[PDB]
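Next come the chains, spelled out residue by residue.
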Amino acid sequence: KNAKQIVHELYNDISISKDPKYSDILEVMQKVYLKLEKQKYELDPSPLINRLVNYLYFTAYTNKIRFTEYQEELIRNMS
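To start, this report covers the structure provided alongside it. Residue positions are given from 1 per chain in written sequence order; they need not agree with the entry numbering, and residues without coordinates are hidden. Excluded from the side-chain calculations are hydrogens and water; all other atoms, namely the structure's heavy atoms, are used.

### Looking at the overall build of the protein
The helix and strand tally for the protein stands at 5 helices and 0 strands. Only DSSP runs of H or I covering at least 4 residues are called helices, and only runs of E covering at least 2 are called strands; the numbering of each starts at the N terminus. The helix and strand sequence of the protein, counted from the amino end, reads α-α-α-α-α. All radius of gyration figures rest on C-alpha atoms, and the globule criterion is 2.2 Å times the number of residues raised to 0.38. Here the C-alpha radius of gyration of the protein, 12 Å, is about what a compact globule of 79 residues would show, namely 12 Å. Based on the C-alpha atoms only, the size of the protein along its principal axes is roughly 35 × 20 × 20 Å. The contact definition used throughout considers only heavy atoms, calling two residues in contact when any of these lie within 4.5 Å. Taking all contacts inside the protein whose residues are at least 6 apart in sequence as the whole, residues at least 24 apart take part in 57%. For the area figures, the Shrake-Rupley method with a 1.4 Å probe applies, and any residue is considered shielded solely by the protein chains shown. Roughly 5400 Å² of accessible area belongs to the protein as shown, and the carbon and sulfur atoms make up 53% of that amount.

This is the structure we're talking about:
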C-alpha cells in the first residue's frame, strides 16, 4: 500500500461514518489528497504523511475522537 492508496482508503472509511466529529479531519485530508498528486510529494510523500499522522492523533486528543480498529490499522500503515 502506497501513500496515496492508504490516505484514500482511510478517507473513504471515515466518510462512511457520517458523524460530524470527523468533518475537520476530512477537510485536512482533502488537502493532503491533492498535495499527494503534486510532483514534490510524488517523489517523497513521507514528510506530508508524517504531518497528517501527527495531526490525526493531536486532533483526536483535543476533540476526544476515537477511531475504529479498522481506521487505526490504516493510520498505523501510514506512520
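### Thoughts on helix α5 (residues 69-78)
If you check which residues of α5 are buried, you get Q71, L74, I75 and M78. Take α5 and look down its axis: the buried residues cluster within an arc of 100°, on one side only. Buried residues along α5 sit against α1 (3-17) and α4 (46-63). Classification of residues uses two cut-offs on accessible area relative to the type maximum, computed with a 1.4 Å probe and protein chains only: under 20% is buried, over 50% is exposed, and between them is partly exposed. Picture the helix axis, draw a direction to every C-beta atom, and the arc is the one those directions span.

### Some details on the nonpolar core
Where a protein is soluble and globular, its nonpolar side chains tend to be buried together. Judged by nonpolar contacts, the single largest core of 22 residues is most densely connected at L10, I14, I25, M29, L56, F67 and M78. It is α4 that contributes the most residues to this core, 6 residues altogether. Dropping the residues within four chain positions of it, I25 is found in contact with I14, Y55, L56, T59, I65 and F67. In these notes, a set of buried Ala, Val, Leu, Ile, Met, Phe, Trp, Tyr and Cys residues joined through side-chain atoms within 4.5 Å is what counts as a nonpolar core.

### Observations concerning the packing of aromatic side chains
Side-chain rings of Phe, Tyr and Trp (the six-membered ring for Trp) are treated as a pair once their centres are within 6.5 Å; stacked means planes under 30 degrees apart, edge-to-face means over 60, and tilted covers the remaining angles. All chains considered together, the criterion is met by 2 aromatic pairs. Judged by centre distance (5.1 Å) and plane angle (55°), the ring pair of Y11 and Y33 falls under tilted. Of this pair, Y11 sits in helix α1 while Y33 is found in helix α2 (residues 23-37), placing the two residues 22 residues apart along the sequence.

### Comments concerning the environment of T68
Along the chain, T68 turns up in the loop between α4 and α5. A relative accessible area of 39% places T68 in the partly exposed class. Residues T68 and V32, spaced 36 residues apart in sequence, show a C-alpha to C-alpha distance of 21 Å.

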